[PDB]
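> The data below comprise the sequence and an experimental structure of the protein.
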Amino acid sequence: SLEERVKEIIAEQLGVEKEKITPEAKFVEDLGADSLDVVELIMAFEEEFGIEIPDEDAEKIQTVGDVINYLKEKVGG
Ligand SMILES: [Cl-]
Ligand SMILES: [Zn+2]
Ligand SMILES: [Zn+2]
Ligand SMILES: [Zn+2]
Ligand SMILES: [Zn+2]
Ligand SMILES: [Zn+2]
Ligand SMILES: [Zn+2]
Ligand SMILES: [Zn+2]
């Protein structure tokens with residue numbers, strides 16, 4: 001599913017265990033993402049799902065849930 005694909009991208013990048021990759025988990029505060037990690041995650045989500053995440057929207061992506069909910073409104077699943 002889209003959800004699992006997103007979680008896998010996050011696990012690959014951060015080396016965090018999937019049990020912690022929940023919808024309300026903050027990339028920075030909960031998953032330990034540093035500034036480079038967040039830039040790389042956004043880049044990865046864009047390339048994987050063939051969409052763009054403009055800077056203004058990227059700044060508003062703080063949790064795993066934000067990414068999933070946003071993507072579900074941009075792709076079919
Ligand atoms: Cl999809
Ligand atoms: Zn993988
Ligand atoms: Zn486990
Ligand atoms: Zn937290
Ligand atoms: Zn890199
Ligand atoms: Zn890009
Ligand atoms: Zn972009
Ligand atoms: Zn916007």
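That came through, no problem. Residues are numbered from 1 along each chain as shown. Ligands and ions are numbered 1, 2, ... in the order given.
> what residue lies at the spatial centre of this structure?
residue 67 (4.7 Å; CA atoms, centre = their mean).
> Contacts only, for that one.
6, 41, 45, 61 (CB atoms under 8 Å, 6 or more residues apart in numbering). C-betas here are computed from N, CA, C, even on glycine.
> would residue 13 count as being in a strand?
No. Counting by DSSP: H, G, I helix; E, B strand; the rest coil, residue 13 is not found in a strand; it is helix.
> and it, how many neighbours?
Residues near residue 13, counting by other CB atoms under 10 Å, number 18.
> wait, it sits on residue 45?
No. Proximity of residue 13 to residue 45 does not meet the contact threshold set by CB atoms under 8 Å, at 10.3 Å.
> So which residues on this protein come close to ligand 4?
Proximity of the chain to ligand 4, by CB under 5 Å from the ion, involves residues 29-30.
> Which helix runs longest in the chain?
helix 35-49 (DSSP state H).
> got the CA coordinates for that helix in CSV?
C-alpha atoms of helix 35-49 as CSV (Å, rounded to 0.1, in the frame of the first residue of the first chain):
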residue,chain,number,x,y,z
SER,A,35,18.0,19.0,8.4
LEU,A,36,19.6,16.9,5.6
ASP,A,37,17.3,13.9,6.3
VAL,A,38,14.2,16.1,5.9
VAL,A,39,15.4,17.5,2.6
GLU,A,40,16.2,14.0,1.4
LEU,A,41,12.9,12.6,2.5
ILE,A,42,10.9,15.2,0.6
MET,A,43,13.1,14.6,-2.5
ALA,A,44,12.4,10.9,-2.1
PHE,A,45,8.6,11.2,-1.8
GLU,A,46,8.5,13.4,-4.9
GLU,A,47,10.6,11.0,-7.0
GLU,A,48,8.8,7.9,-5.9
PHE,A,49,5.3,9.1,-6.4
